[PDB]
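Below you will find one chain, with nothing else, as structure tokens; this is the form deposited in one PDB entry, and questions on how it binds or moves follow later.
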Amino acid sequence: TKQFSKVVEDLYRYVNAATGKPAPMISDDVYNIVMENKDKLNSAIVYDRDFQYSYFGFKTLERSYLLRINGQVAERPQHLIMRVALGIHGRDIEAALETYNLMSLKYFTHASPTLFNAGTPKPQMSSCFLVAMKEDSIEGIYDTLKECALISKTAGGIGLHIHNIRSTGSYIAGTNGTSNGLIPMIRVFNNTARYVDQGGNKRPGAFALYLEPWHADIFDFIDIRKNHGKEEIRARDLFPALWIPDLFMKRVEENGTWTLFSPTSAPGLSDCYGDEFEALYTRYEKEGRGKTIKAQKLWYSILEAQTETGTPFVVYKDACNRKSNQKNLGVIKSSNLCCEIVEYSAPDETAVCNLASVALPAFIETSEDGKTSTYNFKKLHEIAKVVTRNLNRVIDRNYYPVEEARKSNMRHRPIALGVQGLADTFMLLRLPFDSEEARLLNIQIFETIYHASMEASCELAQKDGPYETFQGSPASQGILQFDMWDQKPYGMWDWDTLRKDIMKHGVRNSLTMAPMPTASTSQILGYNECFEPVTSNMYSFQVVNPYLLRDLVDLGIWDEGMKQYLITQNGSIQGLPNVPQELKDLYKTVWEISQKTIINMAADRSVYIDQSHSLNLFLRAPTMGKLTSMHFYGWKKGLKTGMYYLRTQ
């Protein structure tokens, strides 16, 4: 079917034939809206815009995104986009059309759960949940398990922190028995992640687990992904993530000692950070409450697990807490599944985020005369304020799987904007990733996205009031993200006036920035993942980097001896017979870029990031000394997410 209202009509009237059950795929209010504005909405749609998707991006859309009736596809990409626009915007037709246009022209896109569920009856548009283990008891464990199950019924990944659970051998009152510890309890959770598929479909598993490196069960925990296992000791479908206090990095650097506690013989450690933590830790240590070991014995094991599995993830507890606008809430005990979100959670508050990404290439414009291109920072600023408003709408229109998630979200209203196609943007603008021009561009991009999102949230706070927990926040006092890094902003945008308005009117959102992986939403738009360099100049069907391809032909030098060398060399063009140094410098693979520049750039953009970002590390010829220096480099650079995956060859 062409006509959109006709498509909506089918979707809405759909009935499951195998069961005789009316199975509507559109909500009542979004049906009524479409029908009450059929002519406007149908004639707004430009189907020519369906041809903006590459063969692969469209096949990503077809396989898992466009709504289906009886297994056959029912939605054209333009129909999905308008459905999302209405689901987000409802009655505000003006904004719906604005978002339809911006999205269909590929200026930005919303995270997968949004694309799946916006305008449908069960509108669960959130990607992230961070859950607190409720209590160190069988009941608390099982209330928490139930909660993960209920959340796993819907789209979205889970970060779960377990710092409060009794380690192996700890005592259980009213029985000569002792605790089994973390591993056997992790196994239960792993099994629940395997069971709750949403049925029998394909994105299954995936809980990230958060632990501080002092927990006595740590050596087994970091190893939960080891493939050569002792079998029952592992958790195949779960991800270990380390919640590292500075003290640990210090002890490792000093080649000193590290002490392992059960939370029960050393209470309160995860409910403080910084100097208060170091004082409590050091006191417990001297009081003989734990099992002292050599710091570097744990370190060696961490690196060994990382080298082999790519995990555990590394997120610095102290950086996260010290530099968070949610610090008036209490101590943040975890990140999330992909290490971008940094939000407070408690037994009654399960932190949620809704994400979107701005497509960075869309703002490159030659508009001057011929050839020479610039970057439209003004349009970016403009779009980022649109994306900001959309994500607030989503907050209010979202259906929450559990009450801890609704209570959390309505209270603090956190939002997460990110990017895709940074590599595309550098490549188009003739900038090497490690160039000074790339370094500058990365700072200014993140500056304007942050400023925009903050300005738009301040405007929303004027219309609607600040978020419930604004007062007492570092924003209420004028302390914006970069301030908490003790830096002046780059200064492309007027921060004094914005800060002046925040202090006066509030912001609508406790948080706004968390550049995410964009793993599937980068494929729809056809750009490179988030903020990371190209991994290979040969996609695989087998595709060669389009900006590379173009360049080779313009030089004549593209034959077959060129096509074969690329498949040989893993899409690297370094040390290749007849290629200019300019291309070599431009089309470096991530394996060919100084992991130090990656971390520098990460640290530069990080002053404009409210939350954190999913920072993969790529080591070509990996060693323990090499990896050690990347961890400590990022740690001293003040990073929140020292490391997402360790990807290796």
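All residue numbers are counted from 1 along the displayed sequence. Each form is matched to the other, and the largest set of C-alpha atoms that superpose within 1.5 Å is called the rigid core. Residues that one form lacks are left out of the comparison.
The same protein has a further form, the form deposited with a partner chain bound, not shown here; the description that follows concerns it.
Contact check for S594, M624 and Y633: all three have a heavy atom within 4.5 Å of its partner chain in the deposited complex.
Shown alone, this chain has one stretch from 45-53, 577-585, 616-624, 601-609 that lies within 4.5 Å of its partner chain in the deposited complex by heavy atoms: 616-624.
In this overlay on the rigid core, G71 has a C-alpha that sits less than 2 Å away from its partner position between the shown form and the other one. Shown in the overlay between the shown form and the other one, fitted on the rigid core, is a CA shift at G370 of 2 Å or greater.
After superposition on the rigid core, the sole stretch of at least three consecutive residues with Cα shifts of 2 Å or more between the shown form and the other one is 367-371.
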